[PDB]
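To start, the structure under review is shown below, and the notes come after it.
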Amino acid sequence: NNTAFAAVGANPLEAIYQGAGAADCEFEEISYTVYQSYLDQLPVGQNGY
Amino acid sequence: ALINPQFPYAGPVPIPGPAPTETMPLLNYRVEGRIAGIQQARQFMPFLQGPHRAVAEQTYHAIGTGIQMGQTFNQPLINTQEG
């Protein structure tokens with residue numbers, strides 16, 4: 001709530017929303033899902049991969 | 001190149017040039033690099049090395065069994081022609 005909402009006249013650099021209603025804005029929730037991208041199988045021979 | 005007399009092309013860029021900097025130096029890089037994480041001997045795949053059948057042949061097992069049994073009816077006797 002501290003970084004996401006900027007009051008009128010405040011620096012909006014790190015904020016998501018700015019406006020006269022900022023002081024009363026609140027996140028209800030945040031969710032994240034991390035997906036990892038990689039290469040599998042890799043063929044192995046007499047020197048390793 | 002064309003040179004034209006009497007307006008000749010200066011015979012050089014001369015000594016009035018403005019040396020702008022001494023920043024000419026590339027500092028050699030000195031470094032030690034180590035990529036040493038424990039390696040485990042195995043990887044999992046869905047399938048590696050298989051040469052899957054596109055069609056199989058028809059395949060079978062075999063059996064026989066029984067005995068030699070029979071009910072018979074014969075042709076009647078006939079007059080012999082010749083001989």
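So you can find residues: chains in the structure tokens are A, B, ... in the order shown, residues in each start at 1, and ligands are numbered from 1 in order.
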
- Task: Pick out the chain A residues within 12 Å of chain B. Count only C-alpha atoms. Give them as a list in words.
- Result: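 Residues satisfying the distance criterion: residues 39, 40, 41, 42, 43, 44, 45, 48 and 49 of chain A.
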
Prev. selection, N, CA, C and O atoms, output as a PDB file, in the first residue's frame:
```pdb
ATOM      1  N   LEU A  39      16.293 -26.261 -20.432  1.00  0.00           N
ATOM      2  CA  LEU A  39      16.544 -27.260 -21.459  1.00  0.00           C
ATOM      3  C   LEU A  39      16.846 -28.576 -20.761  1.00  0.00           C
ATOM      4  O   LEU A  39      17.716 -28.643 -19.892  1.00  0.00           O
ATOM      5  N   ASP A  40      16.109 -29.614 -21.140  1.00  0.00           N
ATOM      6  CA  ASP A  40      16.264 -30.936 -20.551  1.00  0.00           C
ATOM      7  C   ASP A  40      16.895 -31.902 -21.558  1.00  0.00           C
ATOM      8  O   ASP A  40      17.017 -31.580 -22.741  1.00  0.00           O
ATOM      9  N   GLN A  41      17.281 -33.085 -21.086  1.00  0.00           N
ATOM     10  CA  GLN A  41      17.900 -34.089 -21.950  1.00  0.00           C
ATOM     11  C   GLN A  41      19.139 -33.516 -22.626  1.00  0.00           C
ATOM     12  O   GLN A  41      19.257 -33.541 -23.853  1.00  0.00           O
ATOM     13  N   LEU A  42      19.262 -33.482 -21.873  1.00  0.00           N
ATOM     14  CA  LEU A  42      20.445 -33.199 -22.672  1.00  0.00           C
ATOM     15  C   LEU A  42      21.274 -34.461 -22.876  1.00  0.00           C
ATOM     16  O   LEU A  42      21.526 -35.206 -21.927  1.00  0.00           O
ATOM     17  N   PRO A  43      21.702 -34.717 -24.121  1.00  0.00           N
ATOM     18  CA  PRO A  43      22.504 -35.909 -24.432  1.00  0.00           C
ATOM     19  C   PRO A  43      23.844 -35.933 -23.706  1.00  0.00           C
ATOM     20  O   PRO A  43      24.540 -34.918 -23.614  1.00  0.00           O
ATOM     21  N   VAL A  44      24.200 -37.107 -23.188  1.00  0.00           N
ATOM     22  CA  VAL A  44      25.454 -37.282 -22.467  1.00  0.00           C
ATOM     23  C   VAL A  44      26.360 -38.229 -23.252  1.00  0.00           C
ATOM     24  O   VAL A  44      25.888 -39.223 -23.817  1.00  0.00           O
ATOM     25  N   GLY A  45      27.651 -37.913 -23.297  1.00  0.00           N
ATOM     26  CA  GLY A  45      28.594 -38.752 -24.014  1.00  0.00           C
ATOM     27  C   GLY A  45      29.841 -39.038 -23.201  1.00  0.00           C
ATOM     28  O   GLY A  45      29.786 -39.115 -21.968  1.00  0.00           O
ATOM     29  N   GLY A  48      30.774 -36.167 -20.451  1.00  0.00           N
ATOM     30  CA  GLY A  48      29.606 -35.515 -19.901  1.00  0.00           C
ATOM     31  C   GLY A  48      28.687 -35.032 -21.008  1.00  0.00           C
ATOM     32  O   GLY A  48      28.603 -35.643 -22.077  1.00  0.00           O
ATOM     33  N   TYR A  49      28.004 -33.921 -20.757  1.00  0.00           N
ATOM     34  CA  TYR A  49      27.082 -33.349 -21.730  1.00  0.00           C
ATOM     35  C   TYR A  49      27.727 -32.987 -23.059  1.00  0.00           C
ATOM     36  O   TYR A  49      28.813 -32.403 -23.105  1.00  0.00           O
TER      37      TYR A  49
END
```

- Message: Which residues are close to residue A:2, i.e. within 10 Å by only C-alpha atoms, leaving aside same-chain residues fewer than 5 positions away? Reply as a PyMOL selection string.
- Response: chain A and resi 14-15+22-23+25-26

Based on the selection just made, write C-alpha atoms of those residues as a compact mmCIF listing (two decimals), in the first residue's frame.
```txt
# COMPACT_ATOMS: atom_id res chain seq x y z
CA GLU A 14 7.23 3.59 -8.20
CA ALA A 15 3.46 3.76 -7.94
CA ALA A 22 -4.83 7.43 -3.00
CA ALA A 23 -4.79 7.54 0.82
CA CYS A 25 -6.55 2.65 -1.65
CA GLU A 26 -5.56 -0.84 -0.53
```

- Provide the atom CA of residue A:37 to atom CA of residue B:33 distance in Å, to one decimal place. 24.9 Å

Mind checking which residues fall within 10 Å of residue A:7, counting only C-alpha atoms, ignoring those fewer than 2 positions away in the same chain, and posting them as a PDB file with N, CA, C and O atoms, in the first residue's frame?
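Generated file (out26.pdb):
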```pdb
ATOM      1  N   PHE A   5       0.387   3.433  -4.232  1.00  0.00           N
ATOM      2  CA  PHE A   5      -0.522   4.565  -4.359  1.00  0.00           C
ATOM      3  C   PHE A   5       0.109   5.919  -4.053  1.00  0.00           C
ATOM      4  O   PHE A   5       0.607   6.144  -2.953  1.00  0.00           O
ATOM      5  N   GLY A   9       0.414  15.241  -6.624  1.00  0.00           N
ATOM      6  CA  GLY A   9       1.599  16.010  -6.285  1.00  0.00           C
ATOM      7  C   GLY A   9       2.785  15.192  -5.797  1.00  0.00           C
ATOM      8  O   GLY A   9       3.899  15.712  -5.721  1.00  0.00           O
ATOM      9  N   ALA A  10       2.560  13.930  -5.443  1.00  0.00           N
ATOM     10  CA  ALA A  10       3.658  13.073  -4.989  1.00  0.00           C
ATOM     11  C   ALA A  10       4.333  12.459  -6.226  1.00  0.00           C
ATOM     12  O   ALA A  10       3.750  12.451  -7.309  1.00  0.00           O
ATOM     13  N   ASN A  11       5.552  11.949  -6.066  1.00  0.00           N
ATOM     14  CA  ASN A  11       6.293  11.342  -7.178  1.00  0.00           C
ATOM     15  C   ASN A  11       5.644  10.000  -7.561  1.00  0.00           C
ATOM     16  O   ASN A  11       5.564   9.094  -6.727  1.00  0.00           O
ATOM     17  N   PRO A  12       5.169   9.853  -8.818  1.00  0.00           N
ATOM     18  CA  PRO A  12       4.531   8.596  -9.249  1.00  0.00           C
ATOM     19  C   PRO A  12       5.470   7.491  -9.757  1.00  0.00           C
ATOM     20  O   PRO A  12       5.001   6.417 -10.161  1.00  0.00           O
ATOM     21  N   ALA A  15       4.866   4.045  -8.175  1.00  0.00           N
ATOM     22  CA  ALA A  15       3.458   3.764  -7.935  1.00  0.00           C
ATOM     23  C   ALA A  15       2.707   3.156  -9.112  1.00  0.00           C
ATOM     24  O   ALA A  15       3.137   3.240 -10.263  1.00  0.00           O
ATOM     25  N   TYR A  17      -0.992   3.496  -9.081  1.00  0.00           N
ATOM     26  CA  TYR A  17      -2.102   4.438  -9.242  1.00  0.00           C
ATOM     27  C   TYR A  17      -1.805   5.737  -8.494  1.00  0.00           C
ATOM     28  O   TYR A  17      -1.158   5.719  -7.450  1.00  0.00           O
ATOM     29  N   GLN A  18      -2.280   6.851  -9.048  1.00  0.00           N
ATOM     30  CA  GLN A  18      -2.103   8.165  -8.433  1.00  0.00           C
ATOM     31  C   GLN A  18      -3.421   8.937  -8.569  1.00  0.00           C
ATOM     32  O   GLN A  18      -4.086   8.873  -9.605  1.00  0.00           O
ATOM     33  N   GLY A  19      -3.787   9.669  -7.523  1.00  0.00           N
ATOM     34  CA  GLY A  19      -5.026  10.431  -7.577  1.00  0.00           C
ATOM     35  C   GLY A  19      -5.472  10.885  -6.202  1.00  0.00           C
ATOM     36  O   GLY A  19      -4.895  10.492  -5.184  1.00  0.00           O
ATOM     37  N   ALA A  20      -6.515  11.704  -6.173  1.00  0.00           N
ATOM     38  CA  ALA A  20      -7.034  12.248  -4.925  1.00  0.00           C
ATOM     39  C   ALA A  20      -7.597  11.188  -3.980  1.00  0.00           C
ATOM     40  O   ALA A  20      -7.839  11.475  -2.800  1.00  0.00           O
ATOM     41  N   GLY A  21      -7.788   9.963  -4.469  1.00  0.00           N
ATOM     42  CA  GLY A  21      -8.305   8.912  -3.602  1.00  0.00           C
ATOM     43  C   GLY A  21      -7.231   7.973  -3.072  1.00  0.00           C
ATOM     44  O   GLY A  21      -7.542   7.007  -2.375  1.00  0.00           O
ATOM     45  N   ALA A  22      -5.972   8.266  -3.386  1.00  0.00           N
ATOM     46  CA  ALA A  22      -4.830   7.430  -2.998  1.00  0.00           C
ATOM     47  C   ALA A  22      -4.723   6.964  -1.542  1.00  0.00           C
ATOM     48  O   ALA A  22      -4.455   5.785  -1.282  1.00  0.00           O
ATOM     49  N   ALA A  23      -4.900   7.886  -0.597  1.00  0.00           N
ATOM     50  CA  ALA A  23      -4.793   7.539   0.818  1.00  0.00           C
ATOM     51  C   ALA A  23      -5.694   6.392   1.250  1.00  0.00           C
ATOM     52  O   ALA A  23      -5.363   5.671   2.192  1.00  0.00           O
TER      53      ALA A  23
END
```

- Point-to-point distance from atom CA of residue A:24 to atom CA of residue A:1, Å rounded to tenths: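 Computing it gives 9.4 Å between the two atoms.
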
- Item | Expected answer as JSON, numbers by chain: strand (DSSP E) residues in chain A | {"A": [5, 6, 17, 18]}
